[PDB]
>>> print(open('protein15.tsv').read())   # TSV, C-alpha atoms
chain	number	residue	atom	x	y	z
G	1	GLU	CA	-52.50	78.59	151.14
G	2	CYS	CA	-49.14	80.26	151.11
G	3	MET	CA	-46.92	80.88	154.09
G	4	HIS	CA	-45.20	83.41	156.34
G	5	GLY	CA	-41.73	82.62	157.28
G	6	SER	CA	-41.28	79.01	158.23
G	7	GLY	CA	-44.83	77.71	158.10
G	8	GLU	CA	-45.02	77.00	161.75
G	9	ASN	CA	-48.63	78.13	161.15
G	10	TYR	CA	-49.57	76.73	157.76
G	11	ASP	CA	-52.94	74.99	157.92
G	12	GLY	CA	-53.22	74.72	154.16
G	13	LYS	CA	-54.09	71.54	152.30
G	14	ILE	CA	-51.02	71.04	150.03
G	15	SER	CA	-50.00	67.36	150.25
G	16	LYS	CA	-46.97	66.80	148.02
G	17	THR	CA	-43.25	67.32	148.43
G	18	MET	CA	-41.04	69.55	146.56
G	19	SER	CA	-40.56	66.59	144.22
G	20	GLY	CA	-44.06	65.41	143.71
G	21	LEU	CA	-44.41	62.68	146.25
G	22	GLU	CA	-47.89	62.26	147.73
G	23	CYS	CA	-47.47	62.63	151.50
G	24	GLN	CA	-48.10	59.90	154.00
G	25	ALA	CA	-50.95	60.67	156.30
G	26	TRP	CA	-49.82	61.59	159.73
G	27	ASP	CA	-52.10	58.95	161.39
G	28	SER	CA	-50.62	56.08	159.56
G	29	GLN	CA	-47.38	54.30	160.07
G	30	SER	CA	-47.29	53.03	156.50
G	31	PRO	CA	-44.93	53.07	154.62
G	32	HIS	CA	-43.14	54.81	157.39
G	33	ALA	CA	-43.02	54.15	161.13
G	34	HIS	CA	-42.72	57.42	162.98
G	35	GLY	CA	-43.68	59.16	166.16
G	36	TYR	CA	-45.45	62.34	165.00
G	37	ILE	CA	-48.68	60.91	166.25
G	38	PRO	CA	-51.55	63.39	166.14
G	39	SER	CA	-52.96	62.34	169.54
G	40	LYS	CA	-49.51	63.30	170.89
G	41	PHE	CA	-49.15	66.78	169.44
G	42	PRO	CA	-52.86	67.50	169.05
G	43	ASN	CA	-52.21	71.29	168.83
G	44	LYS	CA	-49.98	70.99	165.74
G	45	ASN	CA	-52.59	70.08	163.15
G	46	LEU	CA	-51.13	66.86	162.05
G	47	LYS	CA	-54.33	66.77	159.99
G	48	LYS	CA	-54.67	64.15	157.18
G	49	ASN	CA	-51.53	64.15	154.98
G	50	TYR	CA	-51.20	67.87	154.73
G	51	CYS	CA	-47.71	69.31	154.75
G	52	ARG	CA	-46.85	70.75	158.20
G	53	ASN	CA	-44.08	72.36	160.22
G	54	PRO	CA	-44.61	71.04	163.82
G	55	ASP	CA	-40.99	71.12	164.78
G	56	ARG	CA	-39.65	74.54	164.15
G	57	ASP	CA	-37.94	72.97	161.03
G	58	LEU	CA	-37.15	75.23	158.03
G	59	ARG	CA	-40.41	74.75	156.15
G	60	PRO	CA	-43.32	72.47	155.85
G	61	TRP	CA	-42.65	68.81	155.40
G	62	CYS	CA	-44.19	65.40	155.52
G	63	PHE	CA	-43.45	61.72	155.32
G	64	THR	CA	-43.39	60.33	151.80
G	65	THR	CA	-45.59	57.55	150.49
G	66	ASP	CA	-42.48	56.39	148.58
G	67	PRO	CA	-40.95	53.66	150.80
G	68	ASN	CA	-37.48	54.73	149.98
G	69	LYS	CA	-37.90	58.39	150.83
G	70	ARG	CA	-38.77	58.74	154.50
G	71	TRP	CA	-39.63	62.42	154.38
G	72	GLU	CA	-39.22	65.51	152.25
G	73	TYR	CA	-39.73	69.31	152.48
G	74	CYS	CA	-42.79	70.66	150.76
G	75	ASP	CA	-42.99	73.63	148.47
G	76	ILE	CA	-45.41	76.10	150.01
G	77	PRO	CA	-46.08	79.41	148.26
G	78	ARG	CA	-44.57	82.21	150.26
G	79	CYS	CA	-47.32	84.84	150.73
S	1	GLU	CA	-27.38	39.22	186.24
S	2	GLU	CA	-24.83	38.91	183.44
S	3	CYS	CA	-26.17	36.35	181.00
S	4	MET	CA	-29.14	36.10	178.72
S	5	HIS	CA	-32.40	34.41	179.54
S	6	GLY	CA	-34.43	34.19	176.32
S	7	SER	CA	-34.35	37.25	174.16
S	8	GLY	CA	-32.78	39.53	176.70
S	9	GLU	CA	-36.05	41.00	177.64
S	10	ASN	CA	-35.10	40.74	181.32
S	11	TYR	CA	-31.31	41.28	180.86
S	12	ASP	CA	-29.97	43.91	183.28
S	13	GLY	CA	-26.29	43.11	182.60
S	14	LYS	CA	-23.38	45.42	181.81
S	15	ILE	CA	-22.05	44.67	178.34
S	16	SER	CA	-21.61	48.01	176.38
S	17	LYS	CA	-20.58	46.70	172.99
S	18	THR	CA	-22.20	45.54	169.85
S	19	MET	CA	-21.67	42.17	168.28
S	20	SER	CA	-18.92	43.82	166.28
S	21	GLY	CA	-17.09	45.74	168.98
S	22	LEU	CA	-18.52	49.28	168.60
S	23	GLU	CA	-19.14	51.02	171.88
S	24	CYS	CA	-22.73	51.83	172.81
S	25	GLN	CA	-23.77	55.42	172.89
S	26	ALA	CA	-25.38	56.08	176.31
S	27	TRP	CA	-29.10	55.88	176.63
S	28	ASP	CA	-29.04	59.29	178.21
S	29	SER	CA	-27.08	60.90	175.43
S	30	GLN	CA	-28.49	62.22	172.17
S	31	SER	CA	-24.97	62.04	170.76
S	32	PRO	CA	-23.84	61.14	168.21
S	33	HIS	CA	-27.36	59.77	167.54
S	34	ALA	CA	-30.65	61.53	168.23
S	35	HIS	CA	-33.24	59.20	169.62
S	36	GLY	CA	-36.28	58.71	171.78
S	37	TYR	CA	-35.48	55.88	174.13
S	38	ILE	CA	-35.25	58.40	176.90
S	39	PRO	CA	-34.63	56.43	180.17
S	40	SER	CA	-37.06	58.68	182.12
S	41	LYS	CA	-39.69	57.83	179.55
S	42	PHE	CA	-39.27	54.08	180.27
S	43	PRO	CA	-37.78	53.76	183.75
S	44	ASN	CA	-38.82	50.20	184.22
S	45	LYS	CA	-36.55	49.23	181.29
S	46	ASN	CA	-33.15	49.69	182.93
S	47	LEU	CA	-31.88	52.05	180.23
S	48	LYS	CA	-28.65	52.76	182.08
S	49	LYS	CA	-25.42	54.38	181.13
S	50	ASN	CA	-24.66	52.76	177.83
S	51	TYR	CA	-25.39	49.09	178.57
S	52	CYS	CA	-26.95	46.88	175.95
S	53	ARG	CA	-30.67	46.59	176.70
S	54	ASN	CA	-33.71	45.04	174.88
S	55	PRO	CA	-36.55	47.30	176.10
S	56	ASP	CA	-38.80	46.74	173.14
S	57	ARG	CA	-39.16	43.07	172.11
S	58	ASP	CA	-36.32	42.80	169.68
S	59	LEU	CA	-34.51	39.56	169.06
S	60	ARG	CA	-31.48	40.17	171.37
S	61	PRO	CA	-30.34	43.13	173.43
S	62	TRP	CA	-29.06	46.08	171.30
S	63	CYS	CA	-27.90	49.69	171.62
S	64	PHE	CA	-27.25	52.98	169.84
S	65	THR	CA	-23.71	53.06	168.51
S	66	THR	CA	-21.02	55.78	168.89
S	67	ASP	CA	-19.98	55.30	165.29
S	68	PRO	CA	-21.55	58.14	163.28
S	69	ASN	CA	-22.59	55.68	160.49
S	70	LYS	CA	-24.23	52.98	162.67
S	71	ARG	CA	-27.18	54.20	164.69
S	72	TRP	CA	-27.71	50.95	166.56
S	73	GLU	CA	-26.67	47.29	166.70
S	74	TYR	CA	-27.32	43.94	168.28
S	75	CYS	CA	-25.14	43.02	171.17
S	76	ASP	CA	-23.81	39.57	171.84
S	77	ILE	CA	-24.89	38.46	175.32
S	78	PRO	CA	-23.90	34.98	176.53
S	79	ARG	CA	-27.05	32.89	176.55
S	80	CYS	CA	-27.13	31.69	180.13
A	1	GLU	CA	-52.88	55.06	167.41
A	2	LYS	CA	-52.21	54.11	171.03
A	3	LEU	CA	-50.41	56.22	173.52
A	4	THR	CA	-49.24	53.65	176.07
A	5	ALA	CA	-45.55	52.92	176.54
A	6	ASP	CA	-45.83	49.56	174.95
A	7	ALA	CA	-47.04	51.27	171.77
A	8	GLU	CA	-44.35	53.81	171.67
A	9	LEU	CA	-41.60	51.17	171.92
A	10	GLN	CA	-43.14	49.22	169.23
A	11	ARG	CA	-43.05	52.25	166.85
A	12	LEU	CA	-39.47	52.86	167.90
A	13	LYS	CA	-38.41	49.29	167.24
A	14	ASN	CA	-40.23	49.53	163.93
A	15	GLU	CA	-38.30	52.76	163.24
A	16	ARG	CA	-34.86	51.51	164.11
A	17	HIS	CA	-35.67	48.58	161.89
A	18	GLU	CA	-36.75	50.47	158.77
A	19	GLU	CA	-33.73	52.66	158.72
A	20	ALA	CA	-31.65	49.54	159.20
A	21	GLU	CA	-33.09	47.83	156.09
A	22	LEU	CA	-32.56	51.02	154.03
A	23	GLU	CA	-28.89	51.11	155.13
A	24	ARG	CA	-28.20	47.37	154.56
A	25	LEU	CA	-29.89	47.57	151.22
A	26	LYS	CA	-28.33	50.97	150.58
Z	1	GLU	CA	-36.49	69.77	179.49
Z	2	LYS	CA	-36.51	66.14	178.38
Z	3	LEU	CA	-40.09	65.00	178.73
Z	4	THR	CA	-42.06	67.84	177.05
Z	5	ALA	CA	-43.83	67.94	173.67
Z	6	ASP	CA	-41.36	70.50	172.61
Z	7	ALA	CA	-38.36	68.58	173.86
Z	8	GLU	CA	-39.66	65.55	171.94
Z	9	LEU	CA	-40.55	67.65	168.91
Z	10	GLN	CA	-36.96	68.67	168.75
Z	11	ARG	CA	-35.61	65.14	169.07
Z	12	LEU	CA	-37.93	63.75	166.47
Z	13	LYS	CA	-36.49	66.49	164.22
Z	14	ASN	CA	-32.90	65.98	164.88
Z	15	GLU	CA	-33.40	62.37	164.03
Z	16	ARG	CA	-35.13	63.16	160.70
Z	17	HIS	CA	-32.35	65.57	159.97
Z	18	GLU	CA	-29.65	63.04	161.01
Z	19	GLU	CA	-31.23	60.19	159.05
Z	20	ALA	CA	-31.28	62.34	155.92
Z	21	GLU	CA	-27.70	63.53	156.17
Z	22	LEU	CA	-26.43	59.99	156.61
Z	23	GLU	CA	-28.42	58.78	153.60
Z	24	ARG	CA	-26.72	61.62	151.72
Z	25	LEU	CA	-23.16	60.51	152.46
Z	26	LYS	CA	-24.13	56.87	151.95
>>> encode(input="protein15.tsv", output="structure tokens")
Amino acid sequence: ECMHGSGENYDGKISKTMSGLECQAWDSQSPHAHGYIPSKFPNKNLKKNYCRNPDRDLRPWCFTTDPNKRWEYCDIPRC
Amino acid sequence: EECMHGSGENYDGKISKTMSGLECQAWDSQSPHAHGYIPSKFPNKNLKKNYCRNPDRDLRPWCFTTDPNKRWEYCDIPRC
Amino acid sequence: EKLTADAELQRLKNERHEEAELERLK
Amino acid sequence: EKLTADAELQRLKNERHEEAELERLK
């Protein structure tokens, strides 16, 4: 429930962005169409709408439920 | 070969420009725009060089643009 | 979510299209 | 490496990153 470096391993349950937006569940395309399908990267834990770092990005992220904000970085507690 | 039958779904022509003149980025490039219409992913879609294609049921054939600010745009293919 | 090529292109068209509406609208 | 989960993971990322910079400069 806190992370390492980049969070390539975070499997925590935080589901909001650094600005408070509830994340969009990875297995939905609403409000945002995207290709981070879980069936596709099954080993990356694109579990519910939990923040995740599947792409060697700088820190966990997710897609926003706000239609105007495609995606944001999350704020995960560094351990 | 060089005109449009319907919505361009079967168009294998050569035009490489958007309705407004911008030059198409090449399907095989990820520059200037990163994207996932990798030709090798959809070989049966004639995603060649940088020619306007309609590989996914859009209204008319389109393409990714070389202008940094316009990722993609509809092309203007003569209706046969 | 389906994994066939027809599904992927549909998501892609949907994607190209959402960013386009954002833009246009600003 | 074009057709590998990792190759794709990196494209999907560039694109997020590109889409967000553009929106910035709007």
>>> residues_near_point(input="protein15.tsv", point="(-29.0, 48.8, 159.8)", cutoff="10 Å", atoms="all atoms listed in the file", output="list in words")
residues 69, 70, 71, 72, 73 and 74 of chain S; 16, 17, 18, 19, 20, 21, 22, 23, 24, 25 and 26 of chain A
>>> atom_distance(input="protein15.tsv", atom1="CA of residue 60 in chain G", atom2="CA of residue 32 in chain G")
17.7 Å
>>> interface_residues(input="protein15.tsv", of="chain A", to="chain G", cutoff="9 Å", atoms="all atoms listed in the file", output="mmCIF file with C-alpha atoms, in the coordinates of the input")
data_model
loop_
_atom_site.group_PDB
_atom_site.id
_atom_site.type_symbol
_atom_site.label_atom_id
_atom_site.label_comp_id
_atom_site.auth_asym_id
_atom_site.auth_seq_id
_atom_site.Cartn_x
_atom_site.Cartn_y
_atom_site.Cartn_z
ATOM 1 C CA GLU A 1 -52.880 55.060 167.410
ATOM 2 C CA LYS A 2 -52.210 54.110 171.030
ATOM 3 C CA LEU A 3 -50.410 56.220 173.520
ATOM 4 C CA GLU A 8 -44.350 53.810 171.670
ATOM 5 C CA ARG A 11 -43.050 52.250 166.850
ATOM 6 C CA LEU A 12 -39.470 52.860 167.900
ATOM 7 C CA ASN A 14 -40.230 49.530 163.930
ATOM 8 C CA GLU A 15 -38.300 52.760 163.240
ATOM 9 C CA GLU A 18 -36.750 50.470 158.770
ATOM 10 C CA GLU A 19 -33.730 52.660 158.720
ATOM 11 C CA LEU A 22 -32.560 51.020 154.030
#
>>> calpha_fit_rmsd(input="protein15.tsv", fixed="chain A", moving="chain Z")
1.1 Å
>>> residues_around(input="protein15.tsv", residues="residue 77 in chain S", least_positions_apart="6", cutoff="9 Å", atoms="all atoms listed in the file", output="ChimeraX atom specification")
/S:2-4,8,11,13,15,19,52,60-61
>>> interface_residues(input="protein15.tsv", of="chain S", to="chain Z", cutoff="9 Å", atoms="only C-alpha atoms", output="VMD selection string")
chain S and resid 30 33 to 36 38 40 to 41 68 to 69
>>> residues_around(input="protein15.tsv", residues="residue 26 in chain S", least_positions_apart="5", cutoff="8 Å", atoms="all atoms listed in the file", output="JSON, numbers by chain")
{"S": [48, 49, 50, 51, 64]}
>>> atom_distance(input="protein15.tsv", atom1="CA of residue 65 in chain S", atom2="CA of residue 32 in chain S")
8.1 Å
>>> decode(input="protein15.tsv", residues="range 5-21 of chain A", atoms="C-alpha atoms", output="short mmCIF file (atom, residue, chain, number, x, y, z; two decimals), in the first residue's frame")
data_model
loop_
_atom_site.label_atom_id
_atom_site.label_comp_id
_atom_site.auth_asym_id
_atom_site.auth_seq_id
_atom_site.Cartn_x
_atom_site.Cartn_y
_atom_site.Cartn_z
CA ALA A 5 -8.50 -7.92 -34.89
CA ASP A 6 -11.89 -6.55 -35.63
CA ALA A 7 -12.20 -5.57 -31.97
CA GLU A 8 -8.89 -3.93 -31.74
CA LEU A 9 -9.59 -1.69 -34.75
CA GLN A 10 -12.84 -0.72 -33.35
CA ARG A 11 -11.18 0.47 -30.08
CA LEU A 12 -8.59 2.28 -32.14
CA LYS A 13 -11.17 4.05 -34.28
CA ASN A 14 -13.01 4.89 -31.06
CA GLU A 15 -9.72 6.26 -29.69
CA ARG A 16 -8.76 8.38 -32.64
CA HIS A 17 -12.27 9.72 -32.47
CA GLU A 18 -12.35 10.72 -28.80
CA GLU A 19 -9.14 12.62 -28.96
CA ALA A 20 -10.48 14.30 -32.08
CA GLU A 21 -13.63 15.58 -30.31
#
